[PDB]
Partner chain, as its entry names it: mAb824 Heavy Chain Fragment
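Presented below, as structure tokens, is a lone chain in the form deposited without the partner chain.
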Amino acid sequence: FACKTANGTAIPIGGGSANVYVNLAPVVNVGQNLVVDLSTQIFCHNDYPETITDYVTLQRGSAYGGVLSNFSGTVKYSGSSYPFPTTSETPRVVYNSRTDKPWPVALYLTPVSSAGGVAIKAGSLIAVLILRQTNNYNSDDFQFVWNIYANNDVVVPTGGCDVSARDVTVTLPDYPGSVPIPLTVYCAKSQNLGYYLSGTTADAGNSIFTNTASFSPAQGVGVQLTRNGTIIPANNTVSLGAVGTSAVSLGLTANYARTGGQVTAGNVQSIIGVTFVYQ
């Protein structure tokens, strides 16, 4: 038994080691699979198939550098998927031919959320795959070691952040008062964020959002927003700086502000936009 690589670099009858150089998908998003198909580069044959039968296993697979830190995933060996890094030696595959057939191993890797930029650096070691070969003749137990080196950078584009707003907020008072508006943002990859408000405004200053209740409406009252006391007019970008893993509060308060003639009891309902602007 022996094997070689599509670059025609061999590992002979006793087992031994070799490098395999894989060209990867150059861009992989957080939800997608980065497939590293080793069955198109690693090929084996049995040397005496009319008498001896060869047994081949994925003895172990280990992940290195950017595959170990930024990816999760599996290894498909001959039709079955196991965890990768692997937790144990797979079942046998039989090699019973002198003609080179593939070793059917593929890595299915998904970038996690914390991965960013360059999740696999060009030229670096991605994985070590041990092919174990035994037989029905002697007690020969050989290890074929395949060192998988990435030829190029694998980039995991950063995603937009998550704006977690606990409710669709009751501003009651029907009074007369003010209320915090739970609104926090977090990014998997630290980036600068800005936000601006938008909607129908009633005032020259353009910070008092109209009442739009359409079921026994109040009158004379609008709704204004405040970030720790500071009024936020519509279309005025507020700078949050760098927002990372830790949720940054926007520190919003809803308040009632007057818009005109007699203030009248009733329902006060407004809908405002909040546009987060990416750098």
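Residue numbers count along the first chain shown, from 1.
FYI, the form solved in complex with the partner chain isn't displayed, but the following is about it.
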Fill in: Listed residue (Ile231, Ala247, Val30, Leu240) with a non-hydrogen atom within 4.5 angstroms of the partner chain in the deposited complex
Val30
Worksheet item: Can you pick the one in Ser124, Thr200, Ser207, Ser78 that has a heavy atom within 4.5 Å of the partner chain in the deposited complex?
Response: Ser78
Item to complete: Please run the contact check for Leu34 against the partner chain in the deposited complex: heavy atoms, 4.5 angstroms, yes or no?
Response: yes
Practice prompt. Answer yes if any heavy atom of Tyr149 is within 4.5 Å of a heavy atom of the partner chain in the deposited complex; otherwise answer no.
Written response: no
Worksheet item: Does anything in 81-112 come within 4.5 Å of the partner chain in the deposited complex by heavy atoms, and if so which residues, in order?
Response: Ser81, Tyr82, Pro83, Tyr108
